[PDB]
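Visitor: the data below comprise the sequence and an experimental structure of the protein.
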Amino acid sequence: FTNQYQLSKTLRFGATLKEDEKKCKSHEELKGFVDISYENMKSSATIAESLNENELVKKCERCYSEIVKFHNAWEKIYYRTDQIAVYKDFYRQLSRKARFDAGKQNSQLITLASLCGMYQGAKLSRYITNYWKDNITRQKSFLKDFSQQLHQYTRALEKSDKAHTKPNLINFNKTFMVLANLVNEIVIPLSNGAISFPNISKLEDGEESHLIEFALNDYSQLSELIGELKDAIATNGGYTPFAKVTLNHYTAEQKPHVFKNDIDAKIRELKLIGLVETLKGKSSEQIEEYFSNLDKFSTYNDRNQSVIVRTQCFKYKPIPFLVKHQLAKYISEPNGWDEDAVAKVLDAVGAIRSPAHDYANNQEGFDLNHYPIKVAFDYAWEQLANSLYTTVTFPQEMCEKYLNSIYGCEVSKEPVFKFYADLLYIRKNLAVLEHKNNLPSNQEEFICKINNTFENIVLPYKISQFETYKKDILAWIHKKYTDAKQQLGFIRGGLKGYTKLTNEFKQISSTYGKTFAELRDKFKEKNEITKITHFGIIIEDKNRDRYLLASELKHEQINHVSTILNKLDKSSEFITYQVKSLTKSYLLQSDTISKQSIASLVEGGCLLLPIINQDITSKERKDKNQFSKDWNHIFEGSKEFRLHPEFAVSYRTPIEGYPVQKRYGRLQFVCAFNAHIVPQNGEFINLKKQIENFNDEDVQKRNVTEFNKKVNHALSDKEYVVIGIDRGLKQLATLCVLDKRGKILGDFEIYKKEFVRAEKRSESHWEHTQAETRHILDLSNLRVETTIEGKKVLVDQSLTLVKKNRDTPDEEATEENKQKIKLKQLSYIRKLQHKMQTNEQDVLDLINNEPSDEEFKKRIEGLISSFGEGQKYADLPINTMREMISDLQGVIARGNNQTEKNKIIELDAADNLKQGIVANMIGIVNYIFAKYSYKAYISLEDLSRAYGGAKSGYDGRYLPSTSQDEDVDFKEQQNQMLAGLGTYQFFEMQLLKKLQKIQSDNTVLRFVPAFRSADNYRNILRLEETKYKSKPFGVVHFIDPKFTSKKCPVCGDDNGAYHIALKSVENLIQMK
RNA sequence: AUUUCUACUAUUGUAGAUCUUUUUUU
């Protein structure tokens, strides 16, 4: 089952030596130099923790309010596929982030309504709106979490004695950084103008004023406030990029000044310096007045103008993502201007203004000569078209004068214009009947108006089969309806034929596009040469202590690469490894450098960073992590385990008030080495080939079919077992191993730890003794643990007591394991939710008079049966239960939206136990799989039901916020499990990722076929069921939950594991 | 006590887990 694909890992190592007692001194051969380098790097690591917790809370509260406002506004607009339009560069970014093949788009501004093309059964616009919908749901989750944290934090600051409620500042930092990434992922595209609203000038205030206000917002303040907090967090516990080191000396000697002249040429093609010099120094309002004071037609028809000025005189078109910032820097620095005063000017080109909003705002300062030709033309044309059938607020004289100037004749008196007005009015009336969400009851009035409008249309020119469209539209009031309606739309939109202006904009836009694509390409190739900022080599002293000697790649001066490699000889005590590769193309070359050479290099200004790990630097240096094993296997020199030449070294600053012993009290650098597992046994599937396969659907279908054919042939004839993993009401998960005939197999021996103190304190150890024997594992509290004799055993962590205050060796263990009481409280929460579903009234009655916590517990004991442990109602989570019942109260107040209530009934309370319990479960499943010599099948639930049917919009990649199952009885039985959909889907995906890359002994095995990781659960929906309703995926067998139910095992919730394993046994036998 | 996560012990720590361009049009 050897892996034929190239795999990658990112091995991360520390780089700040922990000078402490109770930590073995390491890297002490060159320790002196290490110290110097550290105090060099602190000189660059800037920090000012001066922001008191009060001011941090002030900034956080303001940011939360702004983010909530923006999020509420955006929640109503992401799905407007008819108004949104993304630029080409951002469209490609979408097609990478969301996963769809971009196709070939003819236009620069790709309106989402024009992405009618299909891709694997869904429109291309549905992929984008689904990606935005998922982003919004995650924003909601993190806003809720961050609001709770901020509330507890400021409550703690209020009552100075109540410091116990201060949230863990680690989680505070991490939650805000995740929330800021989510928010910025949409605020940035709106801020710089990639997500645009091109129909903004035709729109009317009233029913669509919210969209206009959202199109005209200023996201400078919100973005700057998020930036303020991100800096504040990066100054007290936040990771902040330090360098990107390369280990190849041919990637470090490139000159980045090759492209310079070229870029300047393109800049002189845009006459940008003149524009920026003319505009810099003005405020945004002054720039607006300058642009609104230009002569529009004269500048547009003036061919000697820069294409930017002419475009802004025709249309609001922003400068792209990818050039703007680098262009501001590249314009400022040669000329000595302020960088920000130029970025402001480049932000001021393409700022949307709506003529209608301006006119409603003030009726005296209005004038149509302010706006570009297209915007003013659209406003005048559609307002004049609407004025023939409704009374509107704008005075027709200026619009008529504008159109008369454009065409040279009275536009409102042409038959073509009246025909356009009639078609538009018919479209407006048809829109009401085609919005089935809010159907009225006065259909007769609309139909009478529609008939009269069709009757009174006087066709200005001979148009063919128009009456066919008329009769179809009348007949419907269904596919023929849409066809005729769209053909009427084509005829209506073609009535403006003005064609001279658009013909000129053809050439203007072609030049504006070619020049900016040349700039973008030159910048992209320039910023992959200035990305690397150091050249480093790994160094081993005599005790296998590895340091990284990194020298600055000064672009302002000759670099030191030649002075590092002129000290590497063949006879010296320190070994040096440096990588040489080109993309059988890799070499890890070793030389030696003496101590005087390192001394001179470091005094010259280079950096020396220890590479620290718990196993690399322990007193016996036995490797027990996988990262340490891979570290010591990379430097064996082989080619099947490769080191990627460049890696990013970062750092995080200390948190105030933490002890220096803790890793959060120390300025901690981090190296991020990158390793490739590339086979040599034949033609390995290159990563590009993997990507191409992942894009193709049929390649995947053939691949999965052939892989499970390999498995079935290589395993069916041999003696194998079936490992069925199932959820549980009381047990988080449950594992049963059946024989291929169906008999229950396995007698697992569960152990128990105990720390025995030795007379010499340095040799204390945990002594494992057998405590239980079981044949159905309770995967909640187990963990696979290595005895000091070398054996691997399964221990039950709930059987051992822990200590109240840690680091009290003299005291005796009293408390209960924290994960155990977390699962206790999780079962209580599940009980509460199942009680809400059936007795929402008996749940809401719990808070009749704001009961005190003792009274709240007394009332809870009425509804929810106790856990059944030693102590009844021991660790009841009164706080979380109270803030879930109050949330249900708030939902049922504002109406009784069933979906909004299921957002609470199915909250998946196990989401903080996820990362910790799934690791244990993966460890145990790996242990049992490798116990039976990899000749075993895995048998898992198929969560596909929770993603609705084929009709539903959920393709699988994005988790539903609420389960979309059709049954109510089954959806109720799946809402009582400890592991929600998110938790159990996370476990399943982690297990598949684990099976894809099993490392048995210095080798990599594979049992699931080319599972594309970034696509969460489509890989399982897309599979083909056998005729027994089980989806085979390599070793794994995804079994539908509902169709696994039979006579109970002769031999409560372990029979579930037995029944999944038994159904897989039966299906596998019936296969052959 | 940690590259980091989780549960710990006080064992100079332990156990599992860990990545080219292309406008106006529905």
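Guide: Cool, the structure landed. Numbers count the residues shown, from 1 in each chain, chains lettered A, B, ... in the order given.

Visitor: okay, now the residue in the stretch 501-650 of chain A positioned nearest to RNA strand B: neighbour count?
Guide: Distances between the stretch 501-650 of chain A and RNA strand B by C-beta to the nearest atom of the strand are smallest at residue A:513, namely 2.2 Å. Bear in mind the C-beta positions are built from the backbone N, C-alpha and C, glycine included. Number of residues near residue A:513 (other C-beta atoms under 10 Å) recorded here: 14.

Visitor: contacts only, for it.
Guide: residue A:108 (C-beta atoms under 8 Å, 6 or more residues apart in numbering).

Visitor: list the buried residues of the strand or helix carrying it.
Guide: According to DSSP states H and E, residue A:513 maps onto helix A:499-526. Residues of helix A:499-526 classed as buried: A:504-505, A:508-509, A:511-512, A:515-520, A:522-523, A:526 (neighbour count, 16 or more other C-beta atoms under 10 Å).

Visitor: tell me the two of these that are most distant?
Guide: A:504 and A:526 (33.2 Å; C-beta to C-beta).

Visitor: leaving out chain neighbours, which residue sits closest to residue A:230?
Guide: Spatial nearest neighbour of residue A:230, excluding adjacent residues (C-beta to C-beta, 6 or more residues apart in numbering): residue A:180 at 5.8 Å.

Visitor: residues of the stretch 851-1000 of chain A that sit close to RNA strand B?
Guide: Residues of the stretch 851-1000 of chain A lying near RNA strand B by C-beta under 7 Å from any atom of the strand: A:915, A:916, A:917, A:919, A:920, A:922, A:923, A:926, A:990, A:993, A:994.

Visitor: in three-state terms, label the fifth one for me.
Guide: Secondary structure for residue A:920, judged by DSSP: H, G, I helix; E, B strand; the rest coil, is helix.

Visitor: which secondary structure element contains the nearest residue to it once chain neighbours are set aside?
Guide: In space, and not counting its chain neighbours, residue A:920 is closest to residue A:783: 4.8 Å by C-beta to C-beta, 6+ apart. Assigned by DSSP H and E, residue A:783 belongs to strand A:782-786.

Visitor: what about the residue nearest to residue A:920, neighbour count?
Guide: Per other C-beta under 10 Å, the neighbour tally for residue A:783 reads 19.

Visitor: who are the contact partners of the closest residue in space to residue A:194 that isn't next to it in sequence?
Guide: Of all residues not flanking residue A:194 in the chain, residue A:90 sits nearest, at 3.5 Å (C-beta to C-beta, 6+ apart). Shown in contact with residue A:90 (C-beta under 8 Å, 6+ apart): A:189, A:194, A:195, A:321.

Visitor: secondary structure class for residue A:90?
Guide: Quick answer, by three-state DSSP: residue A:90 is helix.

Visitor: helices along the stretch 101-250 of chain A, start to end?
Guide: Using DSSP state H, counting those that start in this stretch, the helices assigned to the stretch 101-250 of chain A run over residues A:124-158, A:169-192, A:209-215, A:220-234.

Visitor: ok, which of those helices comes nearest residue A:721?
Guide: helix A:124-158 (38.6 Å).

Visitor: tell me which residues in the closest one are buried?
Guide: By 16+ other C-beta under 10 Å, the buried positions in helix A:124-158 come out as A:124-139, A:141-143, A:145-146, A:149-150, A:152-154, A:156-157.

Visitor: now swap in stretch A:831-844 and tell me
Guide: A:831, A:832, A:833, A:834, A:835, A:836, A:837, A:840, A:843.

Visitor: just give me how far it sits from the chain centre.
Guide: The chain centroid and the centroid of stretch A:831-844 are separated by 34 Å, computed with C-alpha atoms, centre = their mean, to the nearest Å.

Visitor: hmm, who's touching that stretch?
Guide: With C-beta under 8 Å, 6+ apart, stretch A:831-844 has contacts from A:863-865, A:881, A:884-885, A:888-889, A:892, A:901, A:904-907, A:909, A:972, A:975-976.

Visitor: next one: stretch A:656-664
Guide: Contact partners of stretch A:656-664, identified using C-beta under 8 Å, 6+ apart, comprise A:20, A:49, A:170, A:236, A:237, A:654, A:655, A:665, A:666.

Visitor: hmm, back to that, please identify which of the residues of the stretch 851-1000 of chain A next to RNA strand B is nearest to residue A:957.
Guide: Distance ranking of these against residue A:957, using C-beta to C-beta, places residue A:993 first at 15.5 Å.

Visitor: quick check, the closest one in contact with residue A:1013.
Guide: Yes. If you go by C-beta atoms under 8 Å, residue A:993 and residue A:1013 touch, sitting 6.1 Å apart.

Visitor: among the contacts of residue A:90, who's most crowded?
Guide: Counting by other C-beta under 10 Å, residue A:195 has the largest number of neighbours within the contacts of residue A:90, with 23 neighbours.

Visitor: might one say that that one is in contact with residue A:83?
Guide: No. Contact criterion C-beta under 8 Å: residue A:195 and residue A:83 do not qualify, at 10.3 Å.

Visitor: what residues does the stretch 451-600 of chain A put near RNA strand B?
Guide: A:485-486, A:489-490, A:492-494, A:496, A:502-503, A:505-506, A:509-510, A:512-514, A:517-518, A:521.

Visitor: ok, 10 Å please
Guide: Neighbours of RNA strand B within the stretch 451-600 of chain A, by C-beta under 10 Å from any atom of the strand: A:482, A:485-499, A:501-518, A:520-521.

Visitor: hey, where'd the strands end up in the stretch 951-1072 of chain A?
Guide: Assigned by DSSP state E, counting those that start in this stretch, the strands in the stretch 951-1072 of chain A fall at A:998-999, A:1004-1005, A:1030-1033, A:1036-1039.

Visitor: return the most buried member of the ones you listed.
Guide: Stretch with highest mean neighbour count among these: strand A:1036-1039 (a mean of 25; mean count of other C-beta atoms under 10 Å).

Visitor: is that strand anywhere near RNA strand B?
Guide: No. Using C-beta under 10 Å from any atom of the strand, strand A:1036-1039 stays clear of RNA strand B, with a minimum separation of 15.4 Å.

Visitor: parallel or antiparallel, list what pairs with that strand.
Guide: Applying DSSP bridges, strand A:1036-1039 is found paired with strand A:936-941 (parallel), strand A:1030-1033 (antiparallel).

Visitor: show residues contacting the first one.
Guide: Going back to what we said before, that points to strand A:936-941. A:715, A:720-727, A:737, A:925, A:928-929, A:984, A:988, A:991, A:995, A:1035-1041, A:1060-1061, A:1063-1064, A:1068.

Visitor: repeat that with 7 Å
Guide: Residues from elsewhere that reach strand A:936-941 (C-beta atoms under 7 Å, 6 or more residues apart in numbering): A:720-727, A:929, A:988, A:1035-1039, A:1041, A:1060-1061, A:1064, A:1068.

Visitor: let's see which of these end up in helices.
Guide: Among the contacts of strand A:936-941, DSSP state H puts A:929, A:988, A:1060, A:1061, A:1064, A:1068 in helices.

Visitor: for burial, what's the neighbour tally of the closest residue to residue A:619 other than its chain neighbours?
Guide: What sits nearest to residue A:619 in space, not counting adjacent residues and going by C-beta to C-beta, 6+ apart, is residue A:24, at 4.3 Å. Residue A:24 is flanked by 12 other residues according to other C-beta under 10 Å.

Visitor: check residue A:380 too.
Guide: Using other C-beta under 10 Å, residue A:380 has 26 other residues around it.

Visitor: quick revisit: for the next helix-or-strand element following the helix holding residue A:513, name the packing helices and strands.
Guide: Counting by DSSP H and E, the element after helix A:499-526 in chain order, helix or strand, is strand A:534-540. Using 3 or more C-beta pairs under 7 Å, 6 or more residues apart in numbering; DSSP states H and E, the elements in contact with strand A:534-540 are strand A:243-246, strand A:546-552, helix A:561-564, strand A:574-581.

Visitor: right, I'll call it a day here.
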